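Trainee: Those sequence lines, one after another, are chains G and J.
The deposited numbering puts the first residue of the first sequence at 266, with every later residue one more than the last.
The deposited numbering puts the first residue of the second sequence at 265, with every later residue one more than the last.
Sending over a structure as structure tokens; questions will come in a sec.
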Amino acid sequence: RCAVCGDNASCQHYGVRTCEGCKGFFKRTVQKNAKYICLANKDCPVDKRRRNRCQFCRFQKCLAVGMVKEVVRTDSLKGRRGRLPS
Amino acid sequence: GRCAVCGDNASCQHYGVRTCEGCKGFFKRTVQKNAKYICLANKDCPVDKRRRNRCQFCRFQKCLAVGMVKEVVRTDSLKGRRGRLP
DNA sequence: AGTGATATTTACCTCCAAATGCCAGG
DNA sequence: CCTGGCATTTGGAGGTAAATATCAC
Ligand SMILES: [Zn+2]
Ligand SMILES: [Zn+2]
Ligand SMILES: [Zn+2]
Ligand SMILES: [Zn+2]
């Protein structure tokens with residue numbers, strides 16, 4: 266059900282039904298503002314087993330499915346956990 | 265039911281006792297007004313669903329007799345404060 | 001190193017008890 | 001005007017969603 270691997274998902278993460286591996290991958294990439302390189306055509310297949318093959322095409326898929334970078338906490342919300350008051 | 269006072273169906277505890285909806289209002293409206301009741305007879309009058317309105321004094325007498333509390337009725341400041349308290 | 005599972009943290013959402021009030025009838 | 005059935009509030013137990021940090025491999 267994970268919108269990127271097809272692996273098992275149990276809840277929405279950053280606005281998309283995602284697995285627990287992509288959730289952790291998306292956060293670290295956005296938190297460290299990391300940059301990747303696709304050694305291939307700039308498009309690599311991403312499924313459960315090959316998700317850890319081209320990190321670039323993986324993150325390219327996280328955006329294409331709509332994971333919002335700004336949900337990854339920062340500023341005076343750095344290290345704040347749980348639901349937000351609203 | 266379970267009403268300690270008259271024996272009708274009892275929904276939950278009221279002022280310390282598992283009481284009626286009728287005995288709830290009768291106790292509340294009295295302590296609100298602080299009205300004094302008179303029993304024209306022995307001070308022993310029967311109490312059940314069909315005959316609870318016959319003697320007001322005895323109905324209130326039985327209310328204190330089964331442990332209903334005057335302190336729980338809200339007056340002074342909590343006049344109207346609804347629901348449970350912090 | 002990253003990866004991914006796991007635990008900690010938050011704040012709503014629904015019951016649910018028990019307080020108040022407000023009328024439709026007797 | 002007295003009765004009592006119904007409605008409107010409070011807040012705490014208990015569960016859920018979705019942020020985080022914390023590791024073992
Ligand atoms: Zn996934
Ligand atoms: Zn690629
Ligand atoms: Zn009763
Ligand atoms: Zn009497």
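Backbone N, C-alpha and C fix where the C-beta goes; we use that ideal spot for every residue, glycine too.
Comparing alpha-carbon positions, which option in G:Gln296, G:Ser275, G:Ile302 and G:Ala274 lies nearest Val333 of chain G?
Mentor: Nearest of G:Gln296, G:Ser275, G:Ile302 and G:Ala274 to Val333 of chain G, Cα basis: G:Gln296.
Trainee: Quick one, are the C-beta atoms of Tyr279 of chain J and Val336 of chain J less than 8 Å apart?
Mentor: The answer is yes: Cβ separation under 8 Å.
Trainee: Rounded C-beta distance between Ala268 of chain J and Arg282 of chain J? I'm assuming under 8 Å.
Mentor: At roughly 6 Å, the Cβ-Cβ gap stays under 8 Å, so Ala268 of chain J and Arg282 of chain J are in contact.
Trainee: Considering only their Cβ atoms, is the gap separating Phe290 of chain J from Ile302 of chain J smaller than 8 Å?
Mentor: Contact flag unset, no.
Trainee: Could you tell me whether the Cβ atoms of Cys270 of chain G and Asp312 of chain G are closer together than 8 Å?
Mentor: Going by C-beta atoms, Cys270 of chain G is nearer than 8 Å to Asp312 of chain G.
Trainee: Exposed or buried, what is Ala274 of chain G when buried is set at 16 or more other beta-carbons lying within 10 Å of its beta-carbon?
Mentor: Buried, since its Cβ has 16 or more Cβ neighbours within 10 Å.
Trainee: From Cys276 of chain G to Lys343 of chain G, what does the alpha carbon distance come to, in whole angstroms?
Mentor: The straight-line gap from Cα to Cα measures roughly 22 Å.
Trainee: DSSP on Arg282 of chain J, reduced to helix/strand/coil?
Mentor: Of the three classes helix, strand and coil, the one that applies to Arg282 of chain J here is strand, per DSSP.
Trainee: Assuming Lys326 of chain G is part of the alpha helix (DSSP H), what are its boundary residues?
Mentor: Element bounds for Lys326 of chain G: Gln320 to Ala329.
Trainee: In angstroms with no decimal places, state the Cα-to-Cα distance between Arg316 of chain G and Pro350 of chain G.
Mentor: Each residue's Cα considered, the two are about 35 Å apart.
Trainee: Which value, in whole angstroms, describes the spacing of the CA atoms of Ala305 of chain J and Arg323 of chain J?
Mentor: Roughly 13 Å separates the two Cα atoms.
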